[PDB]
Amino acid sequence: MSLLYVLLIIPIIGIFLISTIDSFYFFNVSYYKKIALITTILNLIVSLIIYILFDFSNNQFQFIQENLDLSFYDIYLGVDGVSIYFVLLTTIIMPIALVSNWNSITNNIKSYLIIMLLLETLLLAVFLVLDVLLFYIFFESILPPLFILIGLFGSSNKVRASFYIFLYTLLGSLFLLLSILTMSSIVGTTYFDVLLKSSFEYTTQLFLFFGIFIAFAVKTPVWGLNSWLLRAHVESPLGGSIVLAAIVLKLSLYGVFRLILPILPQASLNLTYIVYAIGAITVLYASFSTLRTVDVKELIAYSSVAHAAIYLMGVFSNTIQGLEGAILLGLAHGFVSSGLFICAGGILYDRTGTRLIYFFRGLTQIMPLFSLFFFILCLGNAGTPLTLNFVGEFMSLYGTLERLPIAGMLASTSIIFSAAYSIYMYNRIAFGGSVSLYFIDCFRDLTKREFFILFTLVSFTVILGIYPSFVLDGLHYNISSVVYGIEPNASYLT
Amino acid sequence: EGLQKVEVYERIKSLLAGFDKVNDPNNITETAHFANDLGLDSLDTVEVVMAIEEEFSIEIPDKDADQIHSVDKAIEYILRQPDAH
Amino acid sequence: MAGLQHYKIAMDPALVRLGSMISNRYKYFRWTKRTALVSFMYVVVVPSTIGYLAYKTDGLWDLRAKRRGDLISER
Amino acid sequence: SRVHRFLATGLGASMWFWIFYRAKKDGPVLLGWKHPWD
Amino acid sequence: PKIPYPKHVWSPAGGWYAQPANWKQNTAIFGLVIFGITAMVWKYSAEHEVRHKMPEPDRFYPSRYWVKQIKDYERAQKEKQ
Amino acid sequence: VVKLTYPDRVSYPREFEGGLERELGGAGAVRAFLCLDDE
Amino acid sequence: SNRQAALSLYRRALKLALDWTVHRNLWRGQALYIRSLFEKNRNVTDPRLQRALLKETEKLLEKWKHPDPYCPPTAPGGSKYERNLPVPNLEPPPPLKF
Amino acid sequence: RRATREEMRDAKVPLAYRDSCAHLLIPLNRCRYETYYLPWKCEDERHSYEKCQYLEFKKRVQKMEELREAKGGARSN
Amino acid sequence: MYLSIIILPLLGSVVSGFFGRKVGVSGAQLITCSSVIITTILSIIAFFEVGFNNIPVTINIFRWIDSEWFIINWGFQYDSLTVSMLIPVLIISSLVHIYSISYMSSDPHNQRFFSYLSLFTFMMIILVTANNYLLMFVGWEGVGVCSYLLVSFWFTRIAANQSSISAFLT
Amino acid sequence: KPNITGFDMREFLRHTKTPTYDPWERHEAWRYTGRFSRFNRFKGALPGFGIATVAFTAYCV
Amino acid sequence: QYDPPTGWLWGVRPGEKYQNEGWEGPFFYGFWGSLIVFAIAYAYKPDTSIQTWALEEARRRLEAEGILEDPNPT
Amino acid sequence: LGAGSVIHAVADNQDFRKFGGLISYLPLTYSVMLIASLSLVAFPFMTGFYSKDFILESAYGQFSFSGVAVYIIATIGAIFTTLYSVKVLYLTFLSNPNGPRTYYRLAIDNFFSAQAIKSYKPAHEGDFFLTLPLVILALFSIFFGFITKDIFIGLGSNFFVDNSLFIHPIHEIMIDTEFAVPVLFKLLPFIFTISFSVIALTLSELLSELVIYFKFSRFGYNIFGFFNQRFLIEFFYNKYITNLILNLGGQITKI
Ligand SMILES: CCCCCCCCCCCCCCCCCC(=O)OC[C@H](COP(=O)([O-])OCC[N+](C)(C)C)OC(=O)CCCCCCCCCCCCCCCCC
Ligand SMILES: CCCCCCCCCCCCCCCCCC(=O)OC[C@H](COP(=O)(O)OCCN)OC(=O)CCCCCCCCCCCCCCCCC
Ligand SMILES: *P(=O)(O)OCC(C)(C)[C@H](O)C(=O)NCCC(=O)NCCSC(=O)CCCCCCCCCCCCC
């Protein structure tokens, strides 16, 4: 039983215990929440054990278990540098997501925990599978649990939201499936170790690129294909929102490393000016739009759109710096956007019952712990240094500028507007007068739970912001394998 | 701790002592009215309120200025405003 | 109002009405001269302009280790 | 307060004396009458 | 006067007019914690400072007393004749 | 106004022996005035 | 109407006249002229002219508006306005769980 | 006598001031280092350096006047 | 000494701001002023050590960002210019901490105000002591954030809110 | 072009001067008294001029 | 004059103590706990990054030229 | 910092049009300004003289159109420098009391009868902590400039041979600054400084109405506001830059 298969098995045992413990003890709801939390903790503990044993400079997939009982659809698991940190981010985030809803579900708690635990197994399976069809099977398997999570525990407009996220993702994924099936037909197999060895013809690469890019653009999302995010990420329960923004957005980013950079390098090189136009447009249009967004979670949801454009531009830079920056920005956005949704969807929305920004003012006066963390998360969302958000933005933007300067400059302008919308929101909530006259009751400050799910998130971004080498050390050799090009005097040694 | 009635009356009384349009300094008292006791025109009362506002370093809104038709009313307005210096 | 009891807010009817109008605004969009031009400016022209500049200047320069007597122009 | 007047005059006494001292020495150089070496 | 303020708000910076009765004691403990880190940093900076030029013996260079690079040089340079 | 009324240079540019070519980085860098064109 | 406006508009004339003139001694004689013109038109009683006369002087008031009029620090527009506003509700939050 | 590169470079003379009259500045900069750059201690050395620079400047102004007439009183800047 | 000039204002800002409840108003003023003064004195020595005797001092602690060609380290470098600018920065900061003992005597947020003043000094010192452009830009963004927090110090005032956004965004 | 209100900028320009008679003269007379007279206010404009001049002359012997 | 420090941490009134919801056990000892243990093991982890392997080879290859000095020549 | 004493002195107020007197109420506070003001306007043999009155000379030292033109520009800016220097000094200390009588009410003059212990507020100065930096900064504004002018200017100073700052030999203009510059232009900023002070000092408390005549003309009113509204580089910023983005965000969200 490989460590990687252990990762997928623990959350399934937790589901079993959650749904059977009543036959051994009316069981208290606190029991279910404790089973689910410990389950995610042991999954985090296993992912940390794997990371200690992980080797930073191996071109072999590590911790793979030999199957040799070949079938039509077999599940092979393996990990290298590009997948190791996405696996860690999934295992760190999900316990925080569980605590972020400890008190705010209050109904169908068994269903919420089983759905949350199942989502962990599926999302981890996405980052661990060593086959392109296996990748697709898990990328899509999460829609029905996502569809039912929003509908069971979402806000007032959760019906329109759940439909939007289901149908957008399916429609785009159906175009990715067509591209994937063409690959398996030509090659005979979708296993990574032998599909990357193959060489597709240019026009095949061109049509393979559109099919895959249409799906990755719905999931980034790119601007104009992002209606589903505006609805789903806001109407979802807080735990759903954290998982949706901090893990699910990353699948398309990790999928660019496994599905287009190795097999479609000519198409990627010849179409970067189209990816960059869409990437540049998304940086500006989203930034201007979130400046005028009045729902606090939708403002924070809309920020994810702007940052996802920056690491989408990085992965197509064909440079070592852009690709490392893209993973580091995708990781950084995972912590910071998780904290900002806890601040908005968890702290403000539980106190007031509303998310309109018009009703908030001067919260610093009564809530100095919320404002202290909120400001640090508003700095991190603005790409301020000593946050992992700056190291990722600077490396991602440097690659974008070097690959194509006109897009780099425009994507650079995000340094202004991210700051602009992040600080403007911060002032209309924490500063900007005395406590809002709409509040009749006074508000309490962060509970111990709220303090420690924020302190944990702001610790990860800051420590990684001062020493990003912890992550870059395990990306240097694997990131190198996805670069496409040669130097005049280093190529073809004899 | 702030401004007391005794201090406000002295500043106000010494302010009107320098005004020629006032009939005499001896008619000034607590319940004095600018209109009939000190005999001031509508324009003179506007001058008096501006002098009071400059002396106490406060800005009086037009609606409040209309309310101040008496020396006692002025003393009460100064006491009501915390900002008065 | 929600599942978990919150604090008592002075839920202003005017602000509530404003936040509902925004959430429902998509249902009332219509194609007119104005709405067609704006939607054509943002979606087609400005993106196609950037795509033109990105396409035209892809590979035009390299800054790496450039010296005096050697240009930045690459094409 | 009396020490404030002492400091105000004292600072104004050290000043207006530094100017006169420097004018006595560096005045010819600044005005161009005598070059600095002479 | 002092502006009224809510008594129920806890801020780590202390709040509105916070001064604990034991402020002198706590100000001494924190000073000691502040002192020890600086000593830890000073020991580091003495060890890892790099200089390609050595000060002349007569000049006022108080770092020669506590840095390792100069002390090793001066110790070796004392061997003459 | 200043363009029509501003003083001409009242000193010949200074000349450094050898042009300081070696001290400024050899012939591959910019050197100083050395028996060059009048200005 | 036509009484409150005349008195309030008169006060703004005194303020603006002093706004442009820093020195108070020059503002004193500057004020008797302002007061004098109000005396010259104290006998007008025709409504068709009373409202027309108020329009001219407000237009004239805007004609010579100071780029930044004076305001006391603790007044709207002042430097100390709302510098340390107190917390509005001093009453402790009601017992809830979050 | 004139100071050559072999010791002028060793003396760390500023590059813009490695001129013909830089041999008087090597002792001046040494005096400046010893006296902590106080502007009342190396007066004799400081004035000595201002002599050679001024004389060369006086030599240069004459050359500039000769150049100006050569072009019939034109503009050289 | 060279690295003590770095961390001392930082420590003074951390204790005053994150433990203003523990040391109180006077405890905070004692630490920020003492840490800045001790830091100020050491700079005066550094001016003699570096500027006057011409010893540039190189101090490299650990790598910050390492990707292929980019090796940006938390490295500091003392030369003539950085000790020239450290003199007014420390001297006026010492005089401003001391000056604020009286100006803010009636302010109800003394600990926070003094915490900010020592963080800005730390960010100024980082800006000029860095030996690369990227680490310098940290102090560049550092003083900018400290400038934003000190403009908006009276955050209940709407006009000072607009000022801090102007300071931040411009 | 005279206005309905008899406001003339030339005499408005002319009137700017210390009036011969003023109803507020007595109230606003303390701003030009001995404490704030023309001589007293400019008496201490340069604080240490007198001391420095005396000291400099002593040094110039 | 100064006020005594006040305020309720975690909203706990001075009369009572913070009540536990049950997340504190696993979070402080399982989540953070394992995160310090992992940090300790990371100090003892062998260094397998490509860079340090490459600097060692880059060193020798530079020592074959005059840029660097061989500690053990020949 | 000395200015901060002035705001702390009266009412936490900082408007010029209500400042006056205070020459005797704040003696030390006035004194530090004068040292600072003359250091700022580069009065001869002061700290600012050795720096400010060397940049201008350096500009003429480079004999070119750009160097000469900026001289004229800087000198005009240097001319206008002393006027607000005069305005700060005069309107707060050397002018007639323009504030309320509360600022200027000493216990020596008997005004009140019963509330004599309080209700005076005679615009007192600050404590030790407020004046110790004031005194210390005063010396730096007199002697620090002269003491360090050899480190930073000298003639051939080697204070930056560690390459910290770098000057290319072809770009050196310092030699011409000391010798080639004509004496008239070297002392020209001082002539304007010591002259234009007297016009500003005569335009107030001596004439005091030439300026208001200019103010109430149509030419002066337009100039006064333009300079008071900071060249209008914030009205076009707020409307044609800031609100353009806000409307762009509006159009994208709504359309
Ligand atoms: C980059 C992200 C941040 C990384 C660094 C994280 C902190 C590291 C140490 C920073 C120095 C210590 C700061 C303490 C500030 C005072 C404590 C406090 O928060 O009080 C809350 C105070 C409460 O203080 P109080 O005592 O006055 O509270 C009671 C009175 N009321 C409630 C009315 C205010 O709340 C506020 O008023 C301000 C709200 C925002 C708080 C922001 C504080 C600064 C946070 C760190 C800034 C880091 C800058 C990084 C720059 C990056 C450079 C590239
Ligand atoms: C690695 C490969 C894995 C392949 C799949 C292996 C199995 C994965 C899980 C599939 C479904 C397992 C369901 C586990 C729960 C079953 C036990 C149960 O009865 O739970 C009941 C629970 C609460 O209901 P109850 O407590 O009875 O009523 C109380 C009312 N007060 O009610 C619930 O829990 C219902 C929860 C909501 C429905 C689940 C989330 C949506 C699932 C959509 C199903 C279709 C897609 C299936 C996808 C499988 C994973 C990809
Ligand atoms: P009091 O009992 O005296 O009040 C009697 C009133 C004034 C109410 C009379 O009954 C009266 O005249 N009716 C009010 C309406 C009216 O006709 N008002 C006439 C005077 S106000 C007016 O319109 C003329 C104002 C002239 C002076 C101001 C001109 C504007 C100056 C602007 C610039 C100043 C600074 C540059």
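Before reading further, recall that the structure is shown in the block above.
The sections below set out a description of the structure shown in this document. (Residues numbered from 1 in each chain as written, not as in the entry; some residues may be left out. Chains lettered and ligands numbered in written order. Part of a larger assembly, values for the part shown. Heavy atoms only, no water. Residues with missing side-chain atoms left out of burial classes, pairs and counts.)

## Here we look at the overall build of chain F
Note the cut-off: Numbering goes from the N terminus for both helices and strands, where a helix is a DSSP run of H or I of at least four residues and a strand is a run of E of at least two.
Across its full length, chain F holds 0 helices and 0 strands. Judged by the C-alpha coordinates and their principal axes, chain F covers about 40 × 15 × 15 Å.

## Overview of the site of ligand 2
Residues and elements named next belong to chain A. What counts is decided by this rule: Proximity is defined per residue: any heavy atom of the residue falling within 4 Å of a molecule or strand makes that residue near it. Any N or O atom pair separated by 3.5 Å or less is treated as a polar contact, with the protein-specific requirement of one donor-capable and one acceptor-capable atom, and with residues adjacent in sequence counted only for side-chain atom pairs. Methods summary: accessible areas were calculated by the Shrake-Rupley approach with a probe of 1.4 Å, and residue burial reflects only the protein chains presented. Here the nonpolar group is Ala, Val, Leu, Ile, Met, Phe, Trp, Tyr, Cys and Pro; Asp, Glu, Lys and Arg are the charged ones; every other residue, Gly included, is treated as polar.
Around ligand 2 sit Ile15, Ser19, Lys110, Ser111, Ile114, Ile115, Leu118, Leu122, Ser141, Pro144, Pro145 and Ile148, and those are all the residues in its vicinity. Between ligand 2 and the protein, one listed contact pairs an oxygen atom with a side-chain N or O atom of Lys110 at 3.2 Å. Residue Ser111 places a side-chain N or O atom 3.2 Å away from an oxygen atom belonging to ligand 2. Look at ligand 2: alone it shows 1100 Å² of surface, and the protein chains cover 44% of it. Elements supplying a minimum of two residues to the shell around ligand 2: α4 (109-128) and α6 (143-153). With 6 residues, the single largest contributor to the shell around ligand 2 is α4. Tallied by class, the residues present in the shell around ligand 2 amount to 8 nonpolar, 3 polar and 1 charged.

## Some points on the interface of chain F and chain L
Rules: Contact criterion: two residues are considered in contact whenever any of their non-hydrogen atoms come within 4.5 Å of each other. Each of two parts loses accessible area, computed with a 1.4 Å probe, when they are put together; buried area is these two losses added. In the sections that follow, a salt bridge refers to a side-chain nitrogen of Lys or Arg positioned within 4 Å of a carboxyl oxygen of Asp or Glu.
Across the boundary between the two partners, chain F contributes 15 residues, which contact 14 residues of chain L. Of the roughly 1100 Å² buried between chain F and chain L, counting both surfaces, carbon and sulfur atoms make up 78%. At the junction of chain F with chain L, the criterion picks out 1 salt bridge. A salt bridge links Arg14(F) to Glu172(L), with the shortest nitrogen-to-oxygen separation between them at 2.9 Å. Our count for the contact surface shared by chain F and chain L stands at 2 residue pairs in polar contact.

## A word on the arrangement of the chains
Inter-chain contacts occur across 31 pairs of chains; the most extensive set of contacts lies between chains E and I. Nothing in chain D touches chain E, and the closest approach of their C-alpha atoms is 25 Å. In this view chain C stays clear of chain H, with the nearest C-alpha atoms of the two still 22 Å from each other.

## Concerning the pattern of salt bridges
Across all of its chains, the model carries 54 salt bridges over all chains by this definition. Put simply, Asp72(E) and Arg75(E) hold a salt bridge, and the shortest N to O gap is 3.2 Å. Remark: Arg75(E) and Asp72(E) occur in helix α2 (residues 68-77); sequence separation between them is 3 residues, near one turn of the helix. Two residues, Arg14(F) and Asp19(H), come together in a salt bridge whose shortest N-O distance is 2.9 Å.

## Quick word on the site of ligand 3
Lining the immediate surroundings of ligand 3 are 19 residues, of which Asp41(B), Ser42(B), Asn41(G), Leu53(G) and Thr5(J) lie closest. Coverage of ligand 3 by the protein chains reaches 91% of its 880 Å² of free accessible surface. For the shell around ligand 3, the secondary-structure elements that each account for two or more residues are α2 (42-55) of chain B together with α2 (24-40) and α3 (47-63) of chain G. Of the residues in the shell around ligand 3, the class split is 11 nonpolar, 6 polar and 2 charged.

## Notes on the packing of helix α12 (residues 265-290) of chain A against helix α18 (residues 414-430) of chain A
All names here are of chain A. The following threshold applies: Helix axes use the C-alpha atoms of the stretch in contact, all axes being lines fitted to C-alpha atoms, and the angles between their N-to-C directions lie in the range 0 to 180 degrees. An angle counts as roughly parallel when it lies under 35 degrees, as roughly antiparallel when it exceeds 145, as roughly perpendicular when it falls between 65 and 115, and as oblique in every other case. In this scheme the handedness of a crossing depends on how the near helix is turned from the far one: anticlockwise by less than a right angle means left-handed, clockwise means right-handed.
Look at α12 against α18: their axes get within 9 Å of each other, and the N-to-C directions meet at 20°. Taken together, the axes of α12 and α18 lie roughly parallel to each other. The chirality of how α12 crosses α18 is left-handed. Across the interface between the two elements, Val283, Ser287, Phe288 and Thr290 from α12 touch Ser414, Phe417 and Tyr421 from α18.

## Focus on a nonpolar patch on the surface
Here is the rule: To count toward a patch, a residue needs a relative accessible area above 30% and no salt bridge. Like charges then connect within 9 Å, nonpolar side chains (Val, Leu, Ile, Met, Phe, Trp, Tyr) within 5 Å.
There is a patch of nonpolar side chains on the surface, built from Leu171(A), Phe175(A), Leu178(A), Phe207(A), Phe210(A) and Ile214(A) and spanning about 620 Å² of accessible area. As for its placement among the helices and strands, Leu171(A) is situated in helix α7 (residues 158-187).

## Considering the state of the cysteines
Each disulfide consists of one covalent bond between the sulfur atoms belonging to two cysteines. All names here are of chain H. Put simply, the rule reads: Any two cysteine sulfur atoms lying within 2.5 Å of each other are counted as a disulfide.
Taken as a whole and assessed by the stated rule, the structure comprises 1 disulfide over all chains. One disulfide bridge connects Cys31 with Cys42, the sulfur atoms lying 2.0 Å from each other. Judged by the torsion about the S-S bond (-95°), the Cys31/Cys42 disulfide is left-handed. One end of the pair, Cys31, is in helix α2 (residues 25-34); the other, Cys42, is in the loop between α2 and α3 (43-70), with 11 residues separating them in the sequence.

## Details of the packing of aromatic side chains
To be explicit about the condition: Classification of ring pairs rests on two measures: the distance between centres of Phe, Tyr or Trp rings, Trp counted by its six-membered ring, which must be within 6.5 Å, and the angle between planes, read as stacked under 30 degrees, edge-to-face over 60 and tilted in between. Exposure classes here rest on a 1.4 Å probe applied to the protein chains alone. A residue is buried below 20% of its type maximum, exposed above 50%, and partly exposed in between.
Tallied over the entire structure, the rule returns 134 aromatic pairs over all chains. For the ring pair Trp18(D) and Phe146(L), a centre distance of 5.2 Å and an interplane angle of 75° mean the geometry is edge-to-face. Taken together, the residues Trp18(D) in helix α2 (residues 18-31) and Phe146(L) in helix α5 (residues 128-152) connect one chain to another. In terms of burial, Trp18(D) and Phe146(L) fall into one category: buried. Their ring planes at 50° and their centres at 6.1 Å tell us that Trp20(G) and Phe216(L) sit as a pair that is tilted. Of the two residues, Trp20(G) sits in helix α1 (residues 4-20) while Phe216(L) sits in the loop between α9 (210-215) and α10 (218-228), which places them in two different chains.

## Section: the packing of helix α4 (residues 65-94) of chain L against helix α8 (residues 188-207) of chain L
Residues and elements named next belong to chain L. Between α4 and α8, the least distance of the axes is 9 Å, while the angle of their chain directions is 40°. One element, α4, and the other, α8, form an angle in the oblique class. Crossing of α4 against α8: the hand is right-handed. For the pair α4 and α8, contact is made by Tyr71, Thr75, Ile79, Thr82, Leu83, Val86 and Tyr90 and by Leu188, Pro189, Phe192, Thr193, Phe196, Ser197, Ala200, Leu201, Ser204 and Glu205, respectively.

## Some points on unusual backbone geometry
Here the amide bond leading from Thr220(A) into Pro221(A) is cis, since omega sits at -20°, within 30 degrees of zero. When you line up the elements, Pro221(A) lands in the loop between α9 (202-219) and α10 (227-235). Here the phi dihedral of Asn318(A) falls at roughly 70°; this positive angle occurs in a residue that is not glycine. When you line up the elements, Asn318(A) lands in the loop between α13 (296-315) and α14 (320-352). On the basis of relative accessible area, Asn318(A) is assigned to the partly exposed category, the value being 23%. Phi at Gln81(E) takes a positive value of approximately 55°, unusual for a residue other than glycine. Here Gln81(E) is to be found in the segment after α2.

## Concerning the interface of chain E and chain I
Tallying the contact residues gives 32 residues for chain E and 39 residues for chain I. When the two sides are added together, the surface that chain E and chain I hide from each other amounts to roughly 3300 Å², 63% of it contributed by carbon and sulfur. The largest share of the area that chain E buries against chain I comes from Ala13(E), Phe30(E) and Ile34(E), three residues that together contribute 16% of it. Applying the counting criterion to the chain E and chain I interface returns 1 salt bridge. The partner of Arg51(E) in a salt bridge is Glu49(I), and the shortest N-O contact between them spans 3.8 Å. Where chain E meets chain I, there are 17 residue pairs in polar contact. Among the residues forming the side of chain E that touches chain I, the class breakdown is 18 nonpolar, 10 polar and 4 charged.

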